[PDB]
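Given next, in structure tokens, is a single chain: the form deposited in one PDB entry.
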């Protein structure tokens, strides 16, 4: 009855890869339960600002509680060369793959996703966290069609309501003008990002897609150009998109220090949302992901699921240079 380690898991598939991490499907042998497992090589995160950043992701994971629309953390452990986050396995695909197939979503569908994402973001903000990386491929669908925000590597944590931070930060298409103007910023930047994502879901293109007809020109467009709402969108959609995409983060829907989230809930576009049923996952999703074969691996990129299910052998030369002391106390098991 020692604490969990690597030997406690079967490795089942490779499901993902980002800048700094490899993601596997795993099974905890003891309990026969399935999780995703995010694997980070210590040699990537052994410096100054790395340690802090690994800690942030770890803390956001914990706060991500068992909130229904955030990816939760089962456990952490380490080996010599690696850190491991055992996390919820979420297998419905993501909203990028979704948009690429559906092309353009009905307003009702985009309302459902937006409402669930709003609940996730608000819960984060209420916990002192700025997400900072809201974009289509960071919004996963679970097997039933509910959303889950993922990838907390860009987050800011520990923030008091109405305190601000200043790291220039994010994915260009989604970056909020405040950030581009060099200003100190709060939770406002997430609500801007929601606006862009909503525009993407209902229009099936970016509001900034004139760029290409100069990623620094993208930035100029975001700062300087008035967004045009497609004629096909309802008046209520134009209104919510316009309010979310206010360049002035003080006037922006969702951004009032006191009433921000209540302003979102009370917006005419969200009129038919029962936010209590939504939060309890009592609203039936508009689209049910197809789960093929054993684990639904078909919703993941074949680039990853094709890989050999293994952890790359290390070279002991690099590994021995790691100061192991700075990962003391990494181990964690959820308190449920």
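We call the rigid core whatever largest set of C-alpha positions still superposes within 1.5 Å between the two forms. Positions refer to the first chain, counted from 1.
Just so it is clear, the following notes concern the form deposited with a partner chain bound, a form of the same protein that is not shown.
Residue 96 near the partner chain in the bound PDB entry, any heavy atom under 4.5 Å?
Yes, contact at 4.5 Å.
Residue-level contact is defined here as any heavy atom of the residue lying within 4.5 Å of the partner chain in the bound PDB entry; does residue 200 satisfy this criterion?
Yes, residue 200 lies within 4.5 Å of the partner chain in the bound PDB entry.
Contact of residue 174 with the partner chain in the bound PDB entry (heavy atom, 4.5 Å):
Yes, residue 174 lies within 4.5 Å of the partner chain in the bound PDB entry.
Taking the shortest heavy atom distance, is residue 246 within 4.5 Å of the partner chain in the bound PDB entry?
So residue 246 does not count as contacting the partner chain.
Single option in 108, 184, 215, 251 placed near the partner chain in the bound PDB entry, where near means a heavy atom within 4.5 Å
Checked against the cut-off, the match is 215.
Ok, 221, 119, 169, 90: which has a heavy atom sitting within 4.5 Å of the partner chain in the bound PDB entry?
Result of the distance check: 169.
Can you say which of 187 to 195, 161 to 169, 121 to 129, 238 to 246 gets within 4.5 Å of the partner chain in the bound PDB entry, counting heavy atoms only?
Heavy-atom contact with the partner occurs in 161 to 169.
On the criterion of a non-hydrogen atom at 4.5 angstroms or closer, are 142, 285 and 294 all touching the partner chain in the bound PDB entry?
The answer is no: none of the three residues contacts the partner (heavy atom, 4.5 Å cut-off).
If you fit the two forms on their rigid core, which residue out of 183, 163, 126, 80 shows a CA shift of at least 2 Å between the shown form and the other one?
The listed residue whose C-alpha shifts by at least 2 Å is 80.
Aligning on the rigid core, do we see the C-alpha of residue 47 shift 2 angstroms or more between the shown form and the other one?
Shift at residue 47: 2 Å or more after core fit.
With a threshold of 2 Å on the C-alpha, tell me if residue 303 counts as moved between the shown form and the other one once the core is superposed.
Yes, the C-alpha moves 2 Å or more.
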